[PDB]
*Asks:* 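Quick one: the structure is below, and I'll ask about it shortly.
When reading the values below, keep in mind they use all heavy atoms of this one structure, side chains included, and skip hydrogens, waters and symmetry mates. Throughout, numbering of the chain's residues begins at 1 and tracks the sequence.
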Amino acid sequence: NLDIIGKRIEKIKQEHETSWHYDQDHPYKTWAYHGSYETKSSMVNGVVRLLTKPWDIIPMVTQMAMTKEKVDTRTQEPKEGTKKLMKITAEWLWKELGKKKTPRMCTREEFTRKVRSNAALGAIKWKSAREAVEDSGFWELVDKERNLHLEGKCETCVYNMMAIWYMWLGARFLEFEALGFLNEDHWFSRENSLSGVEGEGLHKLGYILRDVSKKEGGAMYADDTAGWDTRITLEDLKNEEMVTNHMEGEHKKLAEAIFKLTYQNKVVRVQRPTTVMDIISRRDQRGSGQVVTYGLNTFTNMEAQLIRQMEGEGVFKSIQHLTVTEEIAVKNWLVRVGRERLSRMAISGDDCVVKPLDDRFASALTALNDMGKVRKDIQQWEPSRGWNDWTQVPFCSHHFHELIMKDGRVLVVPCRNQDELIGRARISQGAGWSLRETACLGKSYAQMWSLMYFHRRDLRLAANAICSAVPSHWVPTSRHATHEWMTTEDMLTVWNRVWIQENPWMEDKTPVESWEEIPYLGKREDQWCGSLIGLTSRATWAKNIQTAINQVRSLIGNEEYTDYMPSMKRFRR
Ligand SMILES: Cc1nc(C)c([C@H](C)NC(=O)C(C)C)s1
Ligand SMILES: [Cl-]
Ligand SMILES: [Zn+2]
Ligand SMILES: [Zn+2]
C-alpha cells in the first residue's frame with residue numbers, strides 16, 4: 001500500500017496545501033480515497049451533413065450528434081485451480097509470442113516521431129506535446145522519473161479519469177519505452193500470435209473469419225464480456241508482468257517498474273461536481289495507455305479463451321484445485337495442440353470469435369466466470385448461443401458479406417448498419433476547425449467508404465458526392481488497423497491494390513478498369529443493412545445530387561474540383 005503510492009500522494013498534497021480537505025461524504029467504496037482539493041462535446045461536420053440530406057429526418061442518425069458505477073466495483077479472487085491454469089497458460093503464451101520476436105526499448109527518437117504524426121497517446125509549462133518533446137527541460141523531468149523507477153520508486157506517474165486514463169507525457173514516454181515493443185514490433189500480428197489481428201485491417205477481418213469457419217468443429221462463439229477493463233484481476237496483471245521474464249539489462253528493470261508502480265498500484269484524479277478533485281488509488285482493473293491496453297487485453301483474452309477451450313475438451317475436471325497429473329495434462333495439451341487451438345480464434349483486445357472443437361464449449365463456464373470474465377446480456381450459467389454461419393458473426397462492430405464479382409472472383413467485405421456509418425461521418429471532435437479542415441475530414445470518411453463500403457449503394461453515391469464537393473488536391477485529415485483511405489492517390493488505384501494486387505485470398509490478379517466492374521450487395525440485402533434505396537427522399541437526393549455538390553462548392557469557393565459522379569452508371573449519360 002502507502003509505501004509505493006504515498007510518494008505520488010505526498011507531492012499532490014503540497015501543490016494544493018491551501019485546499020487539502022477530506023470530504024467525509026466521499027462516494028468511493030472499492031476505490032481507496034486519500035483526499036480532495038479545489039478545481040474548476042460532439043460537433044456536426046457541415047460538409048458531410050449537407051451531402052446526406054435524406055438522413056436529416058432519421059433519428060438513429062440525428063440523435064448520435066446530441067448530448068461510472070462499473071469502475072467502482074470489486075472482482076473476487078479466483079480459486080487455486082483457476083490461478084494455476086492461468087499461470088501455466090500465460091507462461092506458455094509469452095514463450096510462444098517470444099519465439100520469433102525480441103523484446104527491446106522504444107526510443108525518444110521513436111516517441112518524438114509519433115507525437116509529430118498526431119498519434120493518440122492520451123496525454124494531459126508546455127501547450128502541446130510537440131513543444132515538450134522539443135524542450136530538453138521535459139527530457140530532464142523524464143530522466144528524474146526514469147532514475148526513480150530504476151530505484152523502484154515513483155513520483156509523477158498519476159492517472160486522470162474522464163473510460164480513458166490520461167497521464168503526463170513523461171509517464172506515457174516511460175510506458176512507451178518499456179512496453180511499446182508489443183505494438184511497434186507487432187507481437188499480436190496474426191502471423192506471430194495465430195489468434196491476433198493487430199495490423200490486419202477491416203478488408204482482411206472477413207477473410208480471417210471465413211478461414212476460421214473452414215476448421216472442423218462446433219458453432220462460432222462471440223461472447224462479449226461486461227466491462228472487460230473493470231474485470232482485470234490482480235492475478236491477470238501478474239500473468240501479464242511475466243513478459244519481463246524474457247527481457248534483460250535496463251529494459252527488464254524499466255518494464256518491472258511500469259508493471260509494479262503504475263499498473264499493479266495506481267493513483268488517479270477524478271472531478272466530482274459537489275467542483276473538487278479526488279485522489280483515489282486501487283491495485284486491480286486496467287488503467288494504461290490505450291495501445292498497451294490493446295496488447296495486454298489481447299494477451300489475457302487469448303489466455304482466457306484457451307482455458308475455456310480446455311474446459312470444454314475435459315482437460316481438467318474442476319477449478320477448485322488442479323492435481324499434479326492435471327498440471328502435466330494442461331502443459332501437454334498446450335505443447336501438443338495449443339497452436340492449433342489459437343488458430344481457431346480471432347481476438348482483438350476484449351473482442352473474440354472462437355470456433356471450438358465441438359459445442360461442449362457453450363456450457364464450459366466455470367473457469368470463465370471464476371476468472372471474472374462474466375458474459376454480457378445472458379445469465380451467468382445459461383449456455384452461450386453460437387453462430388452457424390460466419391457471415392452472421394459479429395466482430396469489431398461489423399459483420400461480413402461474401403460478394404461475387406461479375407467476373408466470378410470473390411470479395412469478403414465489411415458491413416454494419418448504415419445509420420451508424422452516416423451518423424459517425426457527420427460528427428467532428430474539438431474546436432477551431434476551419435472550413436478547409438472540416439472538408440478534409442469529410443473527404444477522409446468519403447475515401448474510407450469507397451474502399452471498405454463501396455458495396456452499399458448510398459455510401460458509394462455519397463462518397464462520390466463528397467469527393468466531387470471537396471477540392472481534388474486537398475489532403476484528407478484526421479485530427480491495429482490500416483488506413484489506405486488517407487491519401488491523395490486515385491481511389492480506383494488504391495481499390496485495385498487493396499482488394500486485388502495485395503489480397504492473399506485473390507489468385508487472379510487481373511486489375512479492375514472501372515468502378516462499374518465493382519459489385520454492390522443484393523438490393524434487398526442493402527435495405528436489410530439500412531439502405532434508403534426505394535424511398536422517395538433517397539430518389540430525389542440521388543437525382544438532384546449535382547445541386548448539393550454545387551451548394552458545398554459555392555461555400556468553399558473558387559477552387560479546383562473534379563466531377564466523380566460519372567464513375568457511376570446512372571450519371572453516365
Ligand atoms: C473502418 C475504419 N477503420 C479505422 C481504423 C478508422 C478510423 C478510426 N477512422 C477514420 O479513419 C475516419 C476519420 C475516416 S475507420
Ligand atoms: Cl447463425
Ligand atoms: Zn513513475
Ligand atoms: Zn451488412
Side-chain angles (χ1 to χ4, degrees), residues 1-41 68-75 121-129 131-132 135 137-175 229-230 232 234 237 257-290 293:
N1 206 322
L2 257 159
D3 57 325
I4 293 172
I5 55 165
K7 196 148 146 54
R8 263 167 290 178
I9 294 158
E10 267 194 335
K11 174 158 190 295
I12 302 153
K13 225 186 165 198
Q14 296 177 27
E15 291 167 75
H16 308 275
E17 186 68 49
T18 42
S19 301
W20 194 251
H21 72 276
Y22 195 103
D23 190 348
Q24 280 287 4
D25 307 342
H26 72 264
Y28 309 113
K29 193 50 202 256
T30 73
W31 286 94
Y33 171 76
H34 289 92
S36 307
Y37 71 86
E38 181 173 300
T39 57
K40 266 173 284 187
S41 73
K68 63 181 177 180
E69 290 59 35
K70 184 65 174 183
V71 63
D72 202 355
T73 63
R74 213 200 71 175
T75 317
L121 298 175
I124 69 173
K125 214 290 181 174
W126 300 286
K127 177 206 304 173
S128 56
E131 314 172 357
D135 179 2
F138 167 66
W139 294 113
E140 295 165 43
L141 305 182
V142 172
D143 285 318
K144 191 183 167 178
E145 261 279 273
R146 188 153 172 184
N147 285 282
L148 282 173
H149 293 168
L150 295 166
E151 218 192 333
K153 310 151 189 250
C154 193
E155 198 182 71
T156 63
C157 307
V158 162
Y159 289 109
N160 301 34
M161 195 142 276
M162 261 147 93
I164 306 61
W165 313 48
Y166 302 88
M167 248 178 178
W168 88 291
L169 195 67
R172 251 64 186 95
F173 167 72
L174 282 179
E175 179 182 60
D229 281 0
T230 62
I232 288 286
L234 175 55
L237 297 167
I258 296 308
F259 278 107
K260 236 212 178 66
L261 302 173
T262 66
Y263 287 5
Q264 296 174 11
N265 307 285
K266 311 178 184 63
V267 169
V268 186
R269 55 172 65 170
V270 191
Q271 280 217 326
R272 185 155 51 91
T274 72
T275 297
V276 295
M277 196 75 79
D278 294 293
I279 294 314
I280 45 160
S281 91
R282 88 170 303 101
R283 293 198 57 190
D284 63 352
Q285 292 199 3
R286 174 83 71 220
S288 314
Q290 63 173 26
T293 296

*Asks:* Just wondering, do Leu237 and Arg283 contact through their side chains at under 4.5 Å, heavy atoms?
*Replies:*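 Counting from C-beta outward, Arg283 and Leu237 never come under 4.5 Å.
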*Asks:* In chain order, what residues pass the side chain to side chain donor-acceptor pair (under 3.5 Å) check against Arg269, with sequence neighbours excluded?
*Replies:*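 In terms of side chain to side chain donor-acceptor pair (under 3.5 Å), with neighbours along the sequence ignored, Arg269 is linked to no residue.
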*Asks:* In terms of heavy-atom contacts, does NZ of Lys144 have more than 12 from other residues, nucleotides or ligands at under 6.0 Å?
*Replies:*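 Check fails, neighbour count at 12 or below.
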*Asks:* Does atom CD of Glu10 have more than 12 heavy-atom neighbours from other groups under 6.0 Å away?
*Replies:*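 Counting neighbours around CD of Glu10, 12 or fewer heavy atoms of other residues, nucleotides or ligands fall under 6.0 Å, so no.
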*Asks:* Check the pair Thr18 / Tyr37 against side chain to side chain contact (heavy atoms under 4.5 Å, CB included), numbers first and verdict last.
*Replies:* CA-CA 8 Å; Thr18 42; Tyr37 71 86; over 6 Å; no
*Asks:* Using a 3.5 Å distance criterion without hydrogens, assess whether the side chain of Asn265 forms a donor-acceptor pair with backbone atoms of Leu261.
*Replies:*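 Judged by distance alone, no pair lies under 3.5 Å.
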*Asks:* Under 3.5 Å, which donor-acceptor pairs link side chains of residues 271-280 to any protein atom two or more places apart or in another chain?
*Replies:*
residue: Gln271; atom: NE2; partner: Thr39; partner atom: OG1; Å: 3.2
residue: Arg272; atom: NE; partner: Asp278; partner atom: OD2; Å: 2.9
residue: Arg272; atom: NH1; partner: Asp23; partner atom: OD2; Å: 3.1
residue: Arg272; atom: NH1; partner: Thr274; partner atom: OG1; Å: 2.9
residue: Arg272; atom: NH2; partner: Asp23; partner atom: OD2; Å: 3.3
residue: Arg272; atom: NH2; partner: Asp278; partner atom: OD1; Å: 3.0
residue: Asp278; atom: OD1; partner: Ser36; partner atom: OG; Å: 2.9
residue: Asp278; atom: OD2; partner: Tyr28; partner atom: OH; Å: 3.0

*Asks:* May I ask you to test the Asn160-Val268 pair for a side-chain heavy-atom distance under 4.5 Å?
*Replies:*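 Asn160 does not reach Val268 side chain to side chain.
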*Asks:* Quick one: SG on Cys157 to CD1 on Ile258, what's the gap to the nearest 0.5 Å?
*Replies:*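 That separation rounds to 6.0 Å.
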*Asks:* Between CD1 of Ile4 and OG1 of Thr262, what distance do you get to the nearest 0.5 Å?
*Replies:*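 Nearest 0.5 Å value for the CD1-OG1 distance: 11.0 Å.
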*Asks:* Checking side chain to side chain contact (heavy atoms under 4.5 Å, CB included) for the pair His21/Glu38: CA distance, chi angles, key distance, verdict?
*Replies:* CA-CA 9 Å; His21 72 276; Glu38 181 173 300; 5.9 Å; no
*Asks:* How many angstroms lie between CZ in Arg282 and CD in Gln264, if you round to the nearest 0.5 Å?
*Replies:*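 Rounded to the nearest 0.5 Å, the CZ-CD separation comes out at 13.5 Å.
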*Asks:* Identify, with sequence neighbours excluded, every residue that meets side-chain contact (heavy atoms from CB on, under 4.5 Å) alongside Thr293.
*Replies:*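 Result, side-chain contact (heavy atoms from CB on, under 4.5 Å) vs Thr293: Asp229, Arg286, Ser288, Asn297.
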*Asks:* So, do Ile5 and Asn1 sit near enough that their side-chain heavy atoms are less than 4.5 Å apart?
*Replies:*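 Contact flag for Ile5/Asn1 side chains = yes.
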*Asks:* When you measure from the side chain of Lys260 to the backbone N and O of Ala257, does any donor-acceptor pair fall under 3.5 Å?
*Replies:*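 Such a contact is absent between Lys260 side chain and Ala257 backbone.
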*Asks:* Which residues pass the side chain to side chain donor-acceptor pair (under 3.5 Å) test with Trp126, not counting sequence neighbours?
*Replies:*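 Here the qualifying residues are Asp135.
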*Asks:* How long is the gap from CD1 on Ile9 to OG on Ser281, to the nearest 0.5 Å?
*Replies:*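 Separation between the atoms: 6.0 Å.
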*Asks:* Would you confirm whether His16, through its side chain, and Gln14, through its main-chain N or O, come within 3.5 Å as a donor-acceptor pair?
*Replies:*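 Checked: no pair found.
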*Asks:* Any salt bridge (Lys or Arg N to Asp or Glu O under 4.0 Å) involving residues 12-21? Give me the pairs, sequence neighbours left out, ordered by first then second residue.
*Replies:*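 Every salt bridge (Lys or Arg N to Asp or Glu O under 4.0 Å) pair that includes a residue of residues 12-21, provided the two are not neighbours, is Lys11-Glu15.
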*Asks:* Does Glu145 reach the side chain of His149, with side-chain heavy atoms less than 4.5 Å apart?
*Replies:*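 Touching, per the 4.5 Å side-chain cut-off.
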*Asks:* On a heavy-atom basis, which atom in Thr230 and which in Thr75 lie closest, and how many Å separate them?
*Replies:*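 Scanning both residues completely, I find the closest heavy atoms to be O-OG1, 3.5 Å.
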*Asks:* Drop me the distance from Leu234's CG to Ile232's CD1, to the nearest 0.5 angstrom.
*Replies:*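 Output value for this atom pair is 11.0 Å.
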*Asks:* Could you go through residues 166-174 and list every donor-acceptor pair under 3.5 Å that involves a side-chain atom there, pairing it with any protein atom two or more places apart or in another chain?
*Replies:*
residue: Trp168; atom: NE1; partner: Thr156; partner atom: O; Å: 3.2
residue: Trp168; atom: NE1; partner: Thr156; partner atom: OG1; Å: 3.0
residue: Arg172; atom: NE; partner: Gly122; partner atom: O; Å: 3.1
residue: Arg172; atom: NH1; partner: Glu175; partner atom: OE1; Å: 2.9
residue: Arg172; atom: NH2; partner: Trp165; partner atom: O; Å: 2.8

*Asks:* Answer yes or no: does atom NZ of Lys127 have more than 12 heavy-atom neighbours from other residues, nucleotides or ligands under 6.0 Å?
*Replies:*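 No, the 6.0 Å shell around NZ holds no more than 12 heavy atoms from other groups.
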*Asks:* To the nearest 0.5 angstrom, please state how far the CD atom of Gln285 sits from the CG atom of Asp72.
*Replies:*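 Spacing of CD (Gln285) from CG (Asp72) equals 8.5 Å.
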